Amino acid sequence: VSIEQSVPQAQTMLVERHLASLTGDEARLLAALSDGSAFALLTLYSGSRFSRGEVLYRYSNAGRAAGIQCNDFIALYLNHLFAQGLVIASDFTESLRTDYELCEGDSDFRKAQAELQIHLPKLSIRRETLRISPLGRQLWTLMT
């Protein structure tokens, strides 16, 4: 028998694996989403608005309010938060119009879009809304 050091509970493993493993910037983004706040999201889809196909790239200005260190990595951060099931995308929010415009004007986003258009000629921007997912909320609650 060897139990002096404790094997962690499922709960603990879940929060270590999905939240403690986040980079500080990712964690700050999730924090900003945790009270239900919604942010502007631009999603690049492989096809046009009459046949969207798959999600290729995501961009937001939520990093600014969230206080992230390196806003240059926002698309990388969002890819991870989505891949991990921690956030969701929903439809356009009229009140975020100004934010979409700020995002669409960003030079890094425009660069990414131009790279993707070379080979995906029908690529389209879709204005969406970023929120915490049920799974992200469940994990957040376990952690707190």
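Position 1 is the first residue in the sequence shown; the rest follow in order.
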Of 18-26 and 5-13, which one has the bigger average CA B-factor? 5-13
Highest-ranked of 32, 86, 78, 55 once sorted by CA temperature factor in the record: 55
By the record's CA B-factor, is residue 82 among the lowest, middle or highest third of residues in the chain? lowest
Assert third(CA B-factor, residue 118) within chain per record equals middle
Ranking the modelled residues of this chain by C-alpha B-factor as given in the entry, is residue 38 in the lowest, middle or highest third? middle
By the entry's values, the third containing the CA B factor of residue 68 is the middle
